[PDB]
$ cat my_file.pdb   # PDB, C-alpha atoms and all ligand atoms
ATOM      1  CA  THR A   1     -66.372 174.899 100.868  1.00  0.00           C
ATOM      2  CA  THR A   2     -63.876 173.828 103.529  1.00  0.00           C
ATOM      3  CA  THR A   3     -60.214 173.124 104.231  1.00  0.00           C
ATOM      4  CA  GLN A   4     -58.471 170.229 105.978  1.00  0.00           C
ATOM      5  CA  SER A   5     -55.434 171.826 107.593  1.00  0.00           C
ATOM      6  CA  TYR A   6     -53.695 169.789 110.297  1.00  0.00           C
ATOM      7  CA  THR A   7     -52.671 171.242 113.666  1.00  0.00           C
ATOM      8  CA  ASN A   8     -51.453 170.006 117.046  1.00  0.00           C
ATOM      9  CA  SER A   9     -53.781 169.091 119.896  1.00  0.00           C
ATOM     10  CA  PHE A  10     -51.271 169.917 122.678  1.00  0.00           C
ATOM     11  CA  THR A  11     -52.821 169.385 126.118  1.00  0.00           C
ATOM     12  CA  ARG A  12     -56.550 169.597 125.441  1.00  0.00           C
ATOM     13  CA  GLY A  13     -59.637 167.428 125.698  1.00  0.00           C
ATOM     14  CA  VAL A  14     -59.578 165.995 129.221  1.00  0.00           C
ATOM     15  CA  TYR A  15     -62.927 165.452 130.938  1.00  0.00           C
ATOM     16  CA  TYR A  16     -64.129 164.072 134.237  1.00  0.00           C
ATOM     17  CA  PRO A  17     -64.219 160.264 133.837  1.00  0.00           C
ATOM     18  CA  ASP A  18     -66.803 159.843 136.606  1.00  0.00           C
ATOM     19  CA  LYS A  19     -68.982 161.793 139.057  1.00  0.00           C
ATOM     20  CA  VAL A  20     -66.802 161.035 142.095  1.00  0.00           C
ATOM     21  CA  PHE A  21     -65.421 164.009 144.003  1.00  0.00           C
ATOM     22  CA  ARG A  22     -61.675 163.867 144.600  1.00  0.00           C
ATOM     23  CA  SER A  23     -59.081 166.149 146.164  1.00  0.00           C
ATOM     24  CA  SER A  24     -55.293 166.213 146.588  1.00  0.00           C
TER      25      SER A  24
ATOM     26  CA  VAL B   1     -79.974 162.926 162.056  1.00  0.00           C
ATOM     27  CA  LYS B   2     -76.323 163.975 162.206  1.00  0.00           C
ATOM     28  CA  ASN B   3     -73.465 163.215 164.601  1.00  0.00           C
ATOM     29  CA  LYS B   4     -74.746 159.732 165.434  1.00  0.00           C
ATOM     30  CA  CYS B   5     -73.910 156.205 164.313  1.00  0.00           C
ATOM     31  CA  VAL B   6     -76.625 155.351 161.786  1.00  0.00           C
ATOM     32  CA  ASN B   7     -77.091 152.928 158.906  1.00  0.00           C
ATOM     33  CA  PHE B   8     -77.488 155.055 155.777  1.00  0.00           C
ATOM     34  CA  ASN B   9     -79.159 153.882 152.565  1.00  0.00           C
ATOM     35  CA  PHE B  10     -78.433 156.934 150.418  1.00  0.00           C
ATOM     36  CA  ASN B  11     -79.814 156.276 146.920  1.00  0.00           C
ATOM     37  CA  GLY B  12     -79.064 152.572 147.235  1.00  0.00           C
ATOM     38  CA  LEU B  13     -75.581 153.090 148.723  1.00  0.00           C
ATOM     39  CA  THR B  14     -75.767 150.890 151.817  1.00  0.00           C
ATOM     40  CA  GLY B  15     -73.391 151.416 154.704  1.00  0.00           C
ATOM     41  CA  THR B  16     -72.912 152.535 158.283  1.00  0.00           C
ATOM     42  CA  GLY B  17     -71.255 155.491 159.946  1.00  0.00           C
ATOM     43  CA  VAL B  18     -71.570 159.020 161.296  1.00  0.00           C
ATOM     44  CA  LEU B  19     -72.538 161.907 159.028  1.00  0.00           C
ATOM     45  CA  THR B  20     -72.475 165.672 159.525  1.00  0.00           C
ATOM     46  CA  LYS B  21     -72.026 168.967 157.707  1.00  0.00           C
ATOM     47  CA  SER B  22     -69.056 169.501 155.396  1.00  0.00           C
ATOM     48  CA  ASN B  23     -67.284 172.153 153.328  1.00  0.00           C
ATOM     49  CA  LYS B  24     -66.497 170.281 150.113  1.00  0.00           C
ATOM     50  CA  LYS B  25     -66.691 172.016 146.743  1.00  0.00           C
ATOM     51  CA  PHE B  26     -69.011 169.520 145.039  1.00  0.00           C
ATOM     52  CA  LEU B  27     -69.442 170.398 141.382  1.00  0.00           C
ATOM     53  CA  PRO B  28     -73.049 170.257 140.105  1.00  0.00           C
ATOM     54  CA  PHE B  29     -72.646 166.815 138.515  1.00  0.00           C
ATOM     55  CA  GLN B  30     -70.677 165.410 141.463  1.00  0.00           C
ATOM     56  CA  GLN B  31     -72.590 162.827 143.484  1.00  0.00           C
ATOM     57  CA  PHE B  32     -70.079 160.756 145.467  1.00  0.00           C
ATOM     58  CA  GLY B  33     -66.760 161.123 147.237  1.00  0.00           C
ATOM     59  CA  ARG B  34     -63.740 158.875 147.559  1.00  0.00           C
ATOM     60  CA  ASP B  35     -60.013 158.814 148.335  1.00  0.00           C
ATOM     61  CA  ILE B  36     -56.775 157.483 146.796  1.00  0.00           C
ATOM     62  CA  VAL B  37     -57.888 154.116 148.218  1.00  0.00           C
ATOM     63  CA  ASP B  38     -61.273 154.095 146.411  1.00  0.00           C
ATOM     64  CA  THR B  39     -63.616 154.150 149.411  1.00  0.00           C
ATOM     65  CA  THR B  40     -66.865 156.118 149.583  1.00  0.00           C
ATOM     66  CA  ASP B  41     -66.200 159.212 151.704  1.00  0.00           C
ATOM     67  CA  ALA B  42     -68.937 161.799 151.078  1.00  0.00           C
ATOM     68  CA  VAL B  43     -72.451 161.538 149.638  1.00  0.00           C
ATOM     69  CA  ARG B  44     -74.763 164.246 148.322  1.00  0.00           C
ATOM     70  CA  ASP B  45     -78.256 164.260 149.821  1.00  0.00           C
ATOM     71  CA  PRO B  46     -80.871 163.447 147.137  1.00  0.00           C
ATOM     72  CA  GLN B  47     -83.699 165.460 148.754  1.00  0.00           C
ATOM     73  CA  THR B  48     -81.528 168.252 150.211  1.00  0.00           C
TER      74      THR B  48
HETATM   75  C1  LIG A 101     -88.388 167.571 147.394  1.00  0.00           C
HETATM   76  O1  LIG A 101     -89.804 167.573 147.172  1.00  0.00           O
HETATM   77  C2  LIG A 101     -90.525 168.428 148.073  1.00  0.00           C
HETATM   78  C3  LIG A 101     -91.992 168.255 147.756  1.00  0.00           C
HETATM   79  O2  LIG A 101     -92.333 168.879 146.526  1.00  0.00           O
HETATM   80  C4  LIG A 101     -90.051 169.873 147.922  1.00  0.00           C
HETATM   81  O3  LIG A 101     -90.707 170.684 148.890  1.00  0.00           O
HETATM   82  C5  LIG A 101     -88.542 169.961 148.109  1.00  0.00           C
HETATM   83  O4  LIG A 101     -88.090 171.282 147.835  1.00  0.00           O
HETATM   84  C6  LIG A 101     -87.837 168.979 147.181  1.00  0.00           C
HETATM   85  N1  LIG A 101     -86.399 169.019 147.390  1.00  0.00           N
HETATM   86  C7  LIG A 101     -85.513 168.890 146.396  1.00  0.00           C
HETATM   87  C8  LIG A 101     -84.069 168.960 146.788  1.00  0.00           C
HETATM   88  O5  LIG A 101     -85.864 168.722 145.232  1.00  0.00           O
END

$ encode --input "my_file.pdb" --output "structure tokens"
Amino acid sequence: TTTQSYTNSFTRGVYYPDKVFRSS
Amino acid sequence: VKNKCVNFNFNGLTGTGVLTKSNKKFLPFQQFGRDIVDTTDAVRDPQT
């Protein structure tokens, strides 16, 4: 079986949009 | 050839300028380089 509890994401789930190096 | 004005055609990216060694921290998937003004700064060598 399984449950469907709800939680908060907070700050999470950010990826690199592209393959372009960037700094500062 | 480095340290000389040359027309580069890196992987279809046409342009002109002077290229040399660098100390970036290119991640494995990184291919290009830019700036806050969105202009191609650094390129990874396909065969090196
Ligand atoms: C490119 O191919 C040559 C010929 O097989 C090989 O000697 C060289 O290591 C290759 N370089 C890269 C970066 O794959």

$ residues_near_ligand --input "my_file.pdb" --ligand "ligand LIG 101 (chain A)" --cutoff "8 Å" --atoms "only C-alpha atoms and all ligand atoms" --output "PDB file with C-alpha atoms, keeping the file's coordinate frame"
ATOM      1  CA  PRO B  46     -80.871 163.447 147.137  1.00  0.00           C
ATOM      2  CA  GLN B  47     -83.699 165.460 148.754  1.00  0.00           C
ATOM      3  CA  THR B  48     -81.528 168.252 150.211  1.00  0.00           C
TER       4      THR B  48
END

$ atom_distance --input "my_file.pdb" --atom1 "CA of residue 19 (chain A)" --atom2 "CA of residue 5 (chain B)"
26.3 Å

$ atom_distance --input "my_file.pdb" --atom1 "CA of residue 21 (chain B)" --atom2 "CA of residue 7 (chain B)"
16.9 Å

$ residues_around --input "my_file.pdb" --residues "residue 44 (chain B)" --least-positions-apart "2" --cutoff "8 Å" --atoms "only C-alpha atoms" --output "short mmCIF file (atom, residue, chain, number, x, y, z; two decimals) with C-alpha atoms, in the coordinates of the input"
data_model
loop_
_atom_site.label_atom_id
_atom_site.label_comp_id
_atom_site.auth_asym_id
_atom_site.auth_seq_id
_atom_site.Cartn_x
_atom_site.Cartn_y
_atom_site.Cartn_z
CA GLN B 31 -72.59 162.83 143.48
CA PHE B 32 -70.08 160.76 145.47
CA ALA B 42 -68.94 161.80 151.08
CA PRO B 46 -80.87 163.45 147.14
#

$ interface_residues --input "my_file.pdb" --of "chain A" --to "chain B" --cutoff "9 Å" --atoms "all atoms listed in the file" --output "list in words"
residues 18, 19, 20, 21, 22, 23 and 24 of chain A

$ write_last_selection --input "my_file.pdb" --atoms "C-alpha atoms" --output "compact mmCIF listing (two decimals), keeping the file's coordinate frame"
# COMPACT_ATOMS: atom_id res chain seq x y z
CA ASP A 18 -66.80 159.84 136.61
CA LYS A 19 -68.98 161.79 139.06
CA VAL A 20 -66.80 161.04 142.10
CA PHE A 21 -65.42 164.01 144.00
CA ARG A 22 -61.68 163.87 144.60
CA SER A 23 -59.08 166.15 146.16
CA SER A 24 -55.29 166.21 146.59

$ resolve_selection --input "my_file.pdb" --expression "the PyMOL selection byres (((chain B and resi 1-4) around 7) and not hetatm)" --output "MDAnalysis selection string"
chainID B and resid 5:6 18:20

$ atom_distance --input "my_file.pdb" --atom1 "CA of residue 12 (chain B)" --atom2 "CA of residue 37 (chain B)"
21.3 Å

$ axis_aligned_box --input "my_file.pdb" --around "region 3-11 of chain A" --padding-each-side "4 Å" --output "AutoDock Vina command-line options"
--center_x -55.7 --center_y 171.1 --center_z 115.2 --size_x 16.9 --size_y 12.0 --size_z 29.9
